[PDB]
Amino acid sequence: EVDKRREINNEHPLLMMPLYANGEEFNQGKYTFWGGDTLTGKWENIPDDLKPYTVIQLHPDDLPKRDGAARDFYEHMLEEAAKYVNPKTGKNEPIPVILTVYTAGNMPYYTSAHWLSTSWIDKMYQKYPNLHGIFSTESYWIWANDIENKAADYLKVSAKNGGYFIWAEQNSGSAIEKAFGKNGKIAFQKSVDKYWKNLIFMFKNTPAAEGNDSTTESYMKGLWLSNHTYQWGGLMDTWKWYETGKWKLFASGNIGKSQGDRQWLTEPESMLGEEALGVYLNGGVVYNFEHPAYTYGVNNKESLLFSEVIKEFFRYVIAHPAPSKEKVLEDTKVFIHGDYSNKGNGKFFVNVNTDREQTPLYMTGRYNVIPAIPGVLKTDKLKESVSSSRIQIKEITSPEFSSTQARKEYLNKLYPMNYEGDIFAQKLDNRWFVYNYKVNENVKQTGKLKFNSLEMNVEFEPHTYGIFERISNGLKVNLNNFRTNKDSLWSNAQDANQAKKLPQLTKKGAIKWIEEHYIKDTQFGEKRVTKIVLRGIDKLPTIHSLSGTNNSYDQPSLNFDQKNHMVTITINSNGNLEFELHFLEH
Ligand SMILES: C[C@@H]1O[C@@H](O[C@@H]2[C@@H](O)[C@@H](O)[C@@H](CO)O[C@H]2O)[C@@H](O)[C@H](O)[C@@H]1O
């Protein structure tokens, strides 16, 4: 094993920071990125506390589809990264980079990445110590005849150099199963046997109409737990709103895949945090997002989605490392072996822990994410673990998984009910994680959570998550319900028919909209109410260390009922929020 170029694990998580090449400007002799970020400027902007956990991911986007274009662009940017000087200290501090080397099956009619040989990648790794890895993303819809063979070579060249091969894919058309050899293409299977410690496997939740979110995430987790990948994570994509045909928030009717650039702007900001919790709570540690202009920003500035949701979430997962492999193994009661593609794909989990076929959220944390690996793989390394002795490893073809009802009846024997209410909640140590699981329905949810004898009842609007930690002197609360008003994008359309017929915003138009109406002159959402009721409290709690998104919250209201030893906390806000309540139990 050659020494790893960086650590990627629960204590050293990874936020990929995408920069997409502007191929139009490349044709004009310029080296630029869509949205106006620069490599140096973006890196400089990254808060210093996050720099150790953040890597610039170059993507070749619409560079010309000809030999040399991607190499030229990439070499230019690798040089810029390598030569970077920290202005505050005058020292050369090479910027860490991941290159996107494979996408859309590397077809020459789809991507300039086609013309990036493994020889060239090896050369770049050897020339640039700051090249930490290479990335393959989104080939499920164009599963090239040699994709597994190519993937083996990317993993091997990364292992040769101590870098990581990172692959983001969704289980559409059995993609994840095929990657590991389902249909007899076993080169990557063999590569992973040798080099899994240099592999990161991520979901890519883009193709949302196909509903493969839960099954792909199950596989990512299972592959990690069974030593087929070093770590896992996910790429969470606001284009899901386009893929599923949604339009104005909460509006009825479906417009199909007709208004892409309006659609990728509309997903509520805080919903990205809801998605990211599924990674974190299940031991994943690598995070990436699209569309980058909305999820990260433009012109070397942070979007509000980034500053108020993603940045704060990522800081949280650094301060509170995700559960380790050992911990997740100890907690796992059921591990599935077999192909979801033969058991309804995403339908497998509908009415088990997801509320519908097309969602990136869960409706209960009772089972967490049930880990699985494809049928082609073996569970030998899983069983060799000192931490796997109490796991029931079950074939997906088992009677226990034959129907929705059978799944719950089986899982309920091993995963006890641990809260009440129709809401998502999951407990880790002294922390309850809660969110409203509605996607595009304006419906409040309620739940009853306990910390031993202390009862906490919550009421949440959609697009709201919270983290409630019992601390020695009371409760720490982190709340995020940040959701700006996107109705302006949908003006002039009273119904779905009209919305479908709107003029296209276009890619350039959406970037401009972000600049003119999101980075500045933002149409913030209305403050909305969250309720928290604590029962079993001695005296009126005190509030401490209150902070959050500027101008986004009223002072929380505390109403203590001495006779009933309870307090009702009413919050009116739209943003991230943090505070501690200090109290004793009765
Ligand atoms: C092949 C992929 O292209 C880009 O993503 C596409 C988006 O640009 C958009 O068209 C959505 C629509 O749902 O589909 C995408 O496939 C890249 O961002 C991605 O990394 C792939 O290269």
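Run through the overall build of the protein chain, naming residues and quoting values.
When helices and strands are counted, the protein chain shows 18 helices and 24 strands. A compact globule built from 586 residues should have a C-alpha radius of gyration of about 25 Å, and the protein chain, at 24 Å, falls within 12% of that. Over its C-alpha atoms, taken along the principal directions, the protein chain stretches across nearly 75 × 55 × 55 Å.

How would you summarise the packing of aromatic side chains if you had to cite specific residues and measurements?
Applying the stated criterion across every chain, the model contains 41 aromatic pairs. Centroid distance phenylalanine 33 to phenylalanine 73: 5.5 Å. Interplanar angle 85°. Geometry classified as edge-to-face. You can see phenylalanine 33 sitting in the loop between helix 1 (23-26) and helix 2 (39-45) and its partner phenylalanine 73 sitting in helix 3 (residues 69-82), a full 40 residues away along the chain. One aromatic cluster is present, formed by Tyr102, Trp143, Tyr154, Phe165, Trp167, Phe180, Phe188 and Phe201 through successive ring pairs.

Which residues make up unusual backbone geometry, and what values do they have?
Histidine 291 follows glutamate 290 through a cis peptide bond whose omega is -10°. Here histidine 291 shows up in the loop between strand 8 (286-290) and helix 12 (292-295). With a phi angle near 50°, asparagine 368 is a residue other than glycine that sits in the positive phi range. Note on placement: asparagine 368 falls in the loop between strand 11 (334-337) and strand 12 (372-373). Even without being a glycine, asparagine 492 presents a positive backbone phi close to 75°.

Please give an account of the side chain of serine 172 that cites residues and values.
Relative to the helices and strands, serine 172 is located in the loop between strand 5 (164-168) and helix 6 (175-179). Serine 172 has contacts with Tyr140, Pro207, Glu210 and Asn212, leaving out every residue within four places of it along the chain.

Any chance you could break down the domain arrangement of the protein chain for me, citing the residues and the numbers?
Here the protein chain is partitioned into domain 1 (1-323 + 484-523), domain 2 (324-417) and domain 3 (418-483 + 524-586). Computed over C-alpha atoms only, the centres of domain 1 and domain 3 are separated by 33 Å. Taken residue by residue, the interface counts 29 residues in domain 1 and 26 residues in domain 3. Summing both sides of the interface, domain 1 and domain 3 together bury roughly 2400 Å²; the carbon and sulfur share of this comes to 65%. The largest per-residue losses of area from domain 1 upon contact with domain 3 belong to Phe250, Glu274 and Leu281, which jointly make up 29% of the total buried on that side.

Got a sec to walk through helix 16 (residues 404-414)? Specific residues and values, please.
For helix 16, the full list of buried residues reads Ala406, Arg407, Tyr410 and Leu411. Down the axis of helix 16, the sector holding all buried residues measures 115°, keeping them to one side. Among the exposed residues of helix 16, those pointing more than 90 degrees away from its buried face are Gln405 and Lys413.

Just give me the short version of the side chain of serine 214, but keep the residues and values in it.
Looking at where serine 214 falls in the secondary structure, it is placed in helix 8 (residues 213-225). Excluding residues that lie within four positions of it along the chain, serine 214 makes contacts with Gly346, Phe349, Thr354 and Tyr362.

Mind laying out the sheet that holds strand 23 (residues 566-573), listing which residues take part and the relevant values?
One open sheet accounts for 5 strands, arranged 16-17-20-23-22; its pairing is antiparallel. The open sheet terminates on both sides in strands that have one partner only, identified here as strand 16 (445-451) and strand 22 (557-561). Across the sheet, the mean angle from the axis of one strand to that of its neighbour is 15°, orientation sign disregarded.

Got a sec to walk through the nonpolar core? Specific residues and values, please.
Ranked by size, the top nonpolar core spans 158 residues in total, and within it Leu58, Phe188, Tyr280 and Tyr287 carry the most contacts. It is helix 13 (residues 304-319) that provides the largest number of residues to this core, a total of 10 residues. Residue contacts for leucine 58: discarding those within four places in its chain leaves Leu19, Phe33, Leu39, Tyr74, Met77, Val97, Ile98, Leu99 and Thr100. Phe451, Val458, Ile532 and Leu581 belong to the second-largest nonpolar core, a separate cluster that totals 25 residues.

I'd like to hear about the environment of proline 360, residue by residue, with values.
Mapped onto the elements, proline 360 comes out in the loop between strand 11 and strand 12. Sequence-distant contacts of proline 360, that is, excluding residues within four places in its chain, are made with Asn205, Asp213, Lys240, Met271 and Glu275.

Outline a nonpolar patch on the surface, supporting the account with residue identities and numerical values.
On the surface, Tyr109, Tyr110 and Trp141 cluster together into a nonpolar patch covering about 350 Å² of accessible area. Given the relative accessible area of 47%, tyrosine 109 is considered partly exposed.

Can you lay out the sheet that holds strand 11 for me, pointing to particular residues and giving the numbers?
Within a sheet, each strand pairs with its neighbour through backbone hydrogen bonds, oriented either parallel or antiparallel. Ordered by their spatial adjacency, 3 strands build an open sheet running 12-11-13, and the pairing between neighbours is parallel. At either margin of the open sheet sits one strand with a lone partner, and together these are strand 12 and strand 13 (392-395). In this sheet, strand 13 lies alongside strand 11 in parallel orientation, the contact comprising 4 bridges. What sits directly across from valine 334, in strand 13, is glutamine 392.

Break down the site of the ligand for me, citing the residues and quoting the values.
Near the ligand you find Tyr20, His59, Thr103, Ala104, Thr137, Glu138, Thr206, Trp239, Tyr242, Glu243 and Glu290, and these make up its full shell. Contact distances for the ligand include 2.7 Å between an oxygen atom and a side-chain N or O atom of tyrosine 20. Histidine 59 is positioned such that a nitrogen or oxygen atom in its side chain is 2.9 Å from an oxygen atom of the ligand. Of the residues in the shell around the ligand, the class split is 4 nonpolar, 4 polar and 3 charged.

Criteria and thresholds
- Counting of residues restarts from 1 for each chain and follows the sequence as written, so the numbers need not equal those of the entry; residues with no coordinates are not shown.
- The basis for every side-chain value is the complete set of non-hydrogen atoms in the structure, without hydrogens or water.
- Residues with missing side-chain atoms are left out of burial classes, side-chain pairs and their counts.
- The helix and strand labels rest on DSSP assignments: H or I over at least four residues marks a helix, E over at least two residues marks a strand, and numbering proceeds from the N terminus.
- The globule rule is 2.2 Å times the number of residues to the power 0.38, and the radius of gyration it is compared with is taken over C-alpha atoms.
- Each pair of aromatic rings taken from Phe, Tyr and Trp, with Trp reduced to its six-membered ring, is defined by centres within 6.5 Å and is described as stacked if the planes are under 30 degrees apart, edge-to-face if over 60, and tilted in the remaining cases.
- The contact rule is simple, with two residues in contact once any of their heavy atoms fall within 4.5 Å.
- The domain boundaries here were taken from an automatic or database domain assignment.
- Summed over both partners, the accessible surface that disappears when two parts come together, traced with a 1.4 Å probe, is what is meant by buried area.
- Throughout, exposure labels follow a simple rule: accessible area from a 1.4 Å probe, protein chains only, divided by the maximum for the residue type, with under 20% read as buried, over 50% as exposed, and the rest as partly exposed.
- For this quantity, the arc is that covered by the directions from the helix axis to the C-beta atoms.
- Only when DSSP finds a minimum of two bridges between them are two strands counted as paired.
- Interaxial angles span 0 to 180 degrees and are taken between N-to-C directions of axes, which are lines fitted to C-alpha atoms, for helices over the stretch in contact.
- Residues enter a nonpolar core if they are buried and are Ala, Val, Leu, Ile, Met, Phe, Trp, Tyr or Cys, with the set joined through side-chain atoms within 4.5 Å.
- A patch consists of residues whose relative accessible area exceeds 30% and which take part in no salt bridge; residues with like charges are grouped when within 9 Å of each other, and nonpolar side chains (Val, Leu, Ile, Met, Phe, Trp, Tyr) when within 5 Å.
- Accessibility throughout is a Shrake-Rupley quantity obtained with a 1.4 Å probe, and a residue counts as covered only by protein chains that appear here.
- The term salt bridge refers to a pairing of a side-chain nitrogen on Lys or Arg with a carboxyl oxygen on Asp or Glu at a separation within 4 Å.
- The criterion for a residue being near a molecule or strand is simple. One of its heavy atoms has to lie within 4 Å of it.
- Polar contact is defined as a pair of N or O atoms within 3.5 Å, subject to the rule that within protein one atom must be able to donate a hydrogen and the other to accept it, and that residues adjacent in sequence are counted only when both atoms are side-chain atoms.
- Note that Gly is not counted as nonpolar here; it falls among the polar residues with everything else outside the nonpolar set of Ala, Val, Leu, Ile, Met, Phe, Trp, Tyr, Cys and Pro and the charged set of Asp, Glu, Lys and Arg.

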